[PDB]
J.: 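Dumping the structure here so I can ask a few things about it.
Worth knowing before you read on, the calculation uses all heavy atoms, side chains too, and leaves out hydrogens, waters and symmetry mates. First listed ligand is number 1; within each ligand, the first listed atom is number 1. Just so we're on the same page: letters track the sequence lines, and every chain starts at 1.
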Amino acid sequence: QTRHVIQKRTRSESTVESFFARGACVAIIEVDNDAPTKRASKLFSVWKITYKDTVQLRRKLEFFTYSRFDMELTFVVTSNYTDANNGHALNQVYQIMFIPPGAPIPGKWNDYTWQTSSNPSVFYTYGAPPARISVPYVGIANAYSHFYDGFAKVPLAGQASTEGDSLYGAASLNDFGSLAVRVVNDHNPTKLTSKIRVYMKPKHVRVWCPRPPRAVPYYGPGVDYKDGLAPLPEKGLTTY
Amino acid sequence: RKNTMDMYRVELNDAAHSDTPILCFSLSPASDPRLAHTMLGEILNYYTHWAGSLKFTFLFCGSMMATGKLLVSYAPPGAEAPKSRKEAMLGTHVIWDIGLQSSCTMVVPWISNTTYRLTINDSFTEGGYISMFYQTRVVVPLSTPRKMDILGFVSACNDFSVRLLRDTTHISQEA
Amino acid sequence: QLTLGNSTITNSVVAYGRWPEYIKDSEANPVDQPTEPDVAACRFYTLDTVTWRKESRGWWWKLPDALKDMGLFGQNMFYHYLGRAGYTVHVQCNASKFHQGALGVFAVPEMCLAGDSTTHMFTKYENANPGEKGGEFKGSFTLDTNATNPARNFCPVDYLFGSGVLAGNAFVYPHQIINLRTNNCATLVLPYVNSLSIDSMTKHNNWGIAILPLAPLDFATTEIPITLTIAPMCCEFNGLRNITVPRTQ
Amino acid sequence: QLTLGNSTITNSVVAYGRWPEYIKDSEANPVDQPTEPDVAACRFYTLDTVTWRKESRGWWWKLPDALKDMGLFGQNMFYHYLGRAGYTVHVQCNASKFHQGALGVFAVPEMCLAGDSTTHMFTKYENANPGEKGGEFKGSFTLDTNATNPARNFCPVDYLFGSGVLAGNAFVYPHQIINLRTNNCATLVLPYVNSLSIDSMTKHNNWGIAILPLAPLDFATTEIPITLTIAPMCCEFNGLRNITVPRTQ
Amino acid sequence: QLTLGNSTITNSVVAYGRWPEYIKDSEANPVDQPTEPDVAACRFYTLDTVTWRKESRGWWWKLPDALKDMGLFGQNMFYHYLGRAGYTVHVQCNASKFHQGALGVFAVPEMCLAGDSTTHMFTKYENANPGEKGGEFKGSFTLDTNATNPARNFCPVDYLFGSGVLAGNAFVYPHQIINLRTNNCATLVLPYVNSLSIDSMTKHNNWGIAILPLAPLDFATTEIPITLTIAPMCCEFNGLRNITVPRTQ
Ligand SMILES: CCCCCCCCCCCCC/C=C/[C@H](O)[C@H](N)CO
């Protein structure tokens with residue numbers, strides 16, 4: 001038997017919007033401001049845009065099969081000296097250029113591509129609050145596909161083994177381009193190292209076809225597993 | 001059995017009646033190991049606070065010729081966890097006739113001192129105990145399997161809610 | 001009694017409460033006139049029967065891959081760049097009142113399966129698309145160590161549901177339980193589920209069917225057959241050209 | 001599905017067509033405010049299970065004696081001079097389709113039982129009130145010849161229904177038959193039956209439950225359990241004081 | 001003349017001007033049907049009488065701890081996970097017109113008391129819940145230096161009101177003064193005060209009763225008894241299961 005309870009609890013914080021209403025670190029892009037001839041300093045870094053370099057946001061997203069959302073990107077930039085015996089540096093400015101698929105990838109930190117006449121670029125000044133941009137839903141499909149049970153190519157009879165071979169589960173449905181990051185400043189006498197942490201927040205989220213969450217450690221961009229295949233601990237059947 | 005399919009199966013047999021439990025587990029849907037990795041547990045492990053009733057369904061997977069009655073009990077916390085059917089029957093409970101219905105659902109109603117329980121093992125917000133016992137016994141005729149399996153399922157009722165989004169301990173990244 | 005075309009079958013789950021339907025004019029991406037073979041292809045095809053034993057770990061099929069050699073449906077699938085279909089999946093498994101056991105039949109959208117190698121996403125097309133024979137789940141994971149001639153096959157572990165998730169949670173997918181003491185069949189009605197209105201049937205498998213023994217088969221003394229009968233529904237095809245002939249083996 | 005308080009049970013006889021009810025103001029003898037624990041005491045309690053064998057002669061319990069140690073109902077019973085309750089008695093006995101046998105479950109108002117001695121009415125309180133364990137009927141009457149330490153116990157003979165009446169006529173009492181080929185349970189709803197509106201629960205047992213094998217248990221090869229689940233109903237208590245502690249053994 | 005159940009008593013303070021009341025449907029956290037024993041438990045129980053001497057420093061009790069062994073109230077308290085009750089506390093202390101002295105009777109919500117050790121919050125459950133006997137305040141603080149077998153008890157200093165606050169300010173709590181020249185009794189009506197609608201009675205003491213000699217007892221020649229009579233009010237209980245049996249001593 002039960003009594004009458006005027007329930008007041010709501011599910012406001014468990015809406016799909018609220019569940020994803022957080023900035024999650026999806027990448028740590030390392031760049032160096034240094035003399036070009038050092039050959040150990042990366043004067044620019046190219047990171048392919050994805051949520052699969054980290055696990056937390058990946059697991060939350062992969063609770064579902066399909067998603068549709070706008071994205072907010074927040075860039076937190078940290079920098080430090082690498083040695084103390086080569087003087088100091090002036091405040092650095094960073095270029096973060098979005099290179100959509102097909103646009104020329106920079107080959108050098110100061111090549112023509114950084115003119116960014118058509119690529120969106122964010123110039124961030126060190127010490128300023130973390131840079132932020134928004135993008136709408138840009139999928140070429142009607143939703144993003146977290147899982148694609150297929151191939152980009154179908155091998156055909158009479159084709160050699162090398163031909164028609166494509167990775168399982170790899171489709172251009174998630175080809176979103178890259179971010180190219182450089183320090184715009186010419187080098188100081190001392191080497192400086194910077195990290196740009198990219199934080200992703202889905203907004204106006206819609207999701208479809210829920211899935212059981214990842215239970216074993218992720219292994220690659222796919223659903224493959226190799227290690228940690230025993231997540232359940234030991235517990236007696238009649239032990240409270 | 002852990003980390004195999006066998007971990008989902010609880011074996012009943014046709015032995016003589018006893019009052020000892022078939023299975024026992026605590027009502028900690030986010031932190032009890034049997035419940036933590038259920039879909040409900042997985043969702044709750046992204047939240048700090050939870051409240052509401054739970055549904056525990058049990059499916060009997062023996063032969064059609066098997067008969068029996070079981071007792072499924074929820075004991076609110078604060079007392080010794082039911083060691084036998086005599087104690088368990090004092091709490092909330094349901095009698096399940098496996099011959100009649102292969103599936104039995106027991107609703108564990110929300111009963112708590114706090115308006116929300118934590119999603120960790122916590123004495124102050126402990127949720128109580130769930131146990132299963134033989135009411136009479138499993139009976140089979142000849143030429144019938146004398147051992148069979150039952151399966152347990154858990155879900156949240158429509159009054160269930162969670163609060164205080166948090167990161168889960170169920171996924172980690174190395175290096 | 002469920003009838004489609006010339007086929008008749010004599011408990012039922014509509015996945016996501018959505019019956020299969022044709023593309024609405026407001027959702028149609030391709031502009032050419034679609035092909036709608038209707039009864040000639042929208043009919044029940046019976047796959048090769050598999051055997052449930054005490055030691056069986058499970059079975060899996062991919063749709064439309066499992067039907068690629070099913071008469072006119074297969075012909076239309078391989079003659080068109082684009083194809084769309086829902087399904088009616090009818091799993092048939094009868095036993096005596098003295099048998100026991102339970103099967104979980106799960107229809108999984110985008111049922112990606114884990115590989116067998118340290119190389120990511122390395123399962124080749126031939127193994128990922130076995131056809132009507134489908135594949136089987138394994139008890140444990142066996143890494144393929146052959147470097148010269150890698151198997152490049154799935155290694156789907158049963159308790160990981162073949163994709164690194166606990167099998168107990170696979171009930172979040174549309175599903176039906178065949179409990180031998182209660183029923184001998186499961187019917188799942190699957191709408192076309194995809195991020196596109198229509199896609200390439202040969203490139204992409206929209207649905208996976210996973211049958212796992214939730215309770216092992218037992219009999220007082222045993223093996224019983226399981227038969228899948230699948231009817232594609234609301235079929236549409238676009239982009240007619242010469243027939244696709246996928247590489248095999 | 002019958003629910004009382006926190007207890008649920010999932011053919012039914014209302015004794016004398018009278019549902020249990022509370023004392024009407026026009027029938028209330030005591031003047032103090034009654035105690036009505038409701039769900040805390042009005043709930044199903046499961047007694048210790050007994051075993052039906054081929055040789056079993058029968059079983060008997062007394063109400064409210066059988067529930068005297070059942071949580072808050074027992075506490076209220078022993079803390080009050082006066083108590084009143086109906087009951088829901090649920091006898092549970094399942095077997096296979098290949099078993100046979102029948103039980104007569106009789107609810108008897110004022111179920112007085114015959115003694116075991118030449119001294120009349122000599123059964124002592126401890127033996128007349130065995131509690132949840134109840135007692136068993138015998139095949140024949142055995143006079144207790146021990147003069148030094150007389151057993152002073154009941155000797156209820158089955159075919160005499162334990163009280164010198166033919167068992168075949170016990171069907172005049174409210175009853176239900178559990179025929180293993182037809183049903184596995186019996187439900188008897190007993191109103192409070194007494195010559196008073198309310199009485200002393202410790203002094204007086206309002207109801208007796210007698211379970212007799214009308215057809216002996218048989219199986220082609222056997223023992224099957226019988227479980228009693230009794231919920232007191234419409235409980236009222238009066239005359240609160242220090243707890244009664246009856247002498248035992 | 002104040003009557004509750006079968007108990008009658010023949011200046012009065014309602015703590016915070018709030019009479020005890022039952023949980024409103026709009027404030028009820030638990031969903032199961034509450035148990036409301038009413039008169040059987042909502043009645044005056046008389047605790048063991050204490051002795052006021054010239055040297056007495058004070059006395060303290062915890063509610064519901066002081067009533068845990070009080071008949072059906074104690075039974076309901078230990079049989080339920082959740083319990084809620086207000087109280088009527090009646091302190092009785094009569095003397096002659098030639099006696100003098102004054103008692104401050106304070107009802108303190110969440111009356112936490114200081115320990116006796118350098119280890120914080122180290123008072124064990126048995127000592128924190130003495131039952132009807134309660135405890136006494138001390139004149140000074142004595143640190144417990146026994147490392148092998150620490151007393152793990154309260155050391156409540158009277159002028160610190162047992163919790164590190166000046167006793168003179170304890171009048172901010174609901175209180176009554178028994179001034180022997182004016183009155184011989186104090187009545188405090190305490191509503192259920194807590195941060196929850198209902199809580200565990202065994203885990204949590206909602207109220208503390210502190211009786212301090214504001215003016216020492218004196219007589220021209222002396223000891224006089226003090227008797228506490230406490231009735232729980234508007235009792236509600238939830239979460240019935242097997243009885244809790246707390247560890248003692
Ligand atoms: C000023 C240039 C830098 C700012 C522009 C950043 C470009 C972002 C465009 C790509 C959009 C990616 C959206 C998220 C990709 C995820 O893999 C999918 N949403 C997965 O569901």
J.: Need the ligand 1 atom indices (1-based, order shown) with element for anything under 4.0 Å from a heavy-atom of A:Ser67.
T.: 21 (O)
J.: Only heavy atoms of A:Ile96, strictly under 4.0 Å: list the atoms of ligand 1 that pass.
T.: 1 (C), 2 (C)
J.: Does any N/O atom on A:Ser121 come nearer than 3.5 Å to any N/O atom on ligand 1?
T.: no
J.: For A:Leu90, does the CG atom sit with more than 12 other heavy atoms under 6.0 Å from it, leaving out its own atoms?
T.: no
J.: Around atom 20 (C) of ligand 1, find the nearest protein heavy atom and jot down its residue, atom name and distance.
T.: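 Looking at atom 20 (C) of ligand 1, the protein heavy atom closest to it is A:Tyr51 CE2, 3.2 Å.
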J.: Suppose we call two aromatic rings close when their centres sit under 6.0 Å apart. Are A:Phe69 and A:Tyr137 close by that rule?
T.: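 No - the distance between ring centres of A:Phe69 and A:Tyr137 does not fall below the 6.0 Å cut-off.
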J.: Are A:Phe75 and A:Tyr124 close enough that their ring centres sit under 6.0 Å apart?
T.: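 Judged by ring-centre distance (under 6.0 Å), A:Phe75 and A:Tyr124 do not meet the cut-off.
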J.: A:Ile96 pairs by side-chain contact (heavy atoms from CB on, under 4.5 Å) with which of A:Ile133, A:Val198, A:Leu73, A:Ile196?
T.: A:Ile196
J.: Check A:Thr78, A:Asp32, A:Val183 against A:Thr193 for a side-chain contact (heavy atoms from CB on, under 4.5 Å) and give me the one that passes.
T.: A:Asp32
J.: Among all protein non-hydrogen atoms, which one is nearest to atom 5 (C) of ligand 1, and what is the separation to 0.1 Å?
T.: A:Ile133 CD1, 3.5 Å
J.: Starting from atom 8 (C) of ligand 1, which protein heavy atom do you reach first, and at what distance in Å?
T.: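 Its nearest protein heavy-atom neighbour is A:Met71 CE, 3.5 Å.
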J.: What residue and heavy atom of the protein are closest to atom 15 (C) of ligand 1, and at what distance?
T.: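 Ranked first by proximity to atom 15 (C) of ligand 1 is A:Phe176 CE1, 3.3 Å.
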J.: Where is the nearest protein heavy atom to atom 6 (C) of ligand 1: which residue, which atom, and how far?
T.: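 Here the nearest protein heavy atom works out to A:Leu73 CD1, 3.6 Å.
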J.: Checking a contact table here: which protein heavy atom is nearest atom 3 (C) of ligand 1, and how many Å away?
T.: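 Here the nearest protein heavy atom works out to A:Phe98 CB, 3.7 Å.
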J.: For ligand 1, which atoms, with element, lie under 4.0 Å from some heavy atom of A:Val138?
T.: 11 (C)
J.: Decide, yes or no, whether a salt bridge links B:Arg163 with A:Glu13 under the criterion of side-chain N to carboxylate O below 4.0 Å.
T.: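 No, no charged N to carboxylate O under 4.0 Å.
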J.: I need the nearest protein heavy-atom contact for atom 2 (C) of ligand 1: residue, atom name and distance, please.
T.: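 Looking only at protein heavy atoms, the one closest to atom 2 (C) of ligand 1 is A:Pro120 O, 3.1 Å.
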J.: Below 3.5 angstrom, do we get any N/O pair linking A:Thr50 and ligand 1?
T.: no
J.: To the nearest 0.5 Å, what is the distance between CD on B:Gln173 and CD on A:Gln56?
T.: 9.0 Å
J.: Have a look at C:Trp60 and tell me which of C:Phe154, C:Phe161, C:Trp207 forms a ring-ring contact (aromatic ring centres under 6.0 Å, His included) with it.
T.: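 Passing option: C:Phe154.
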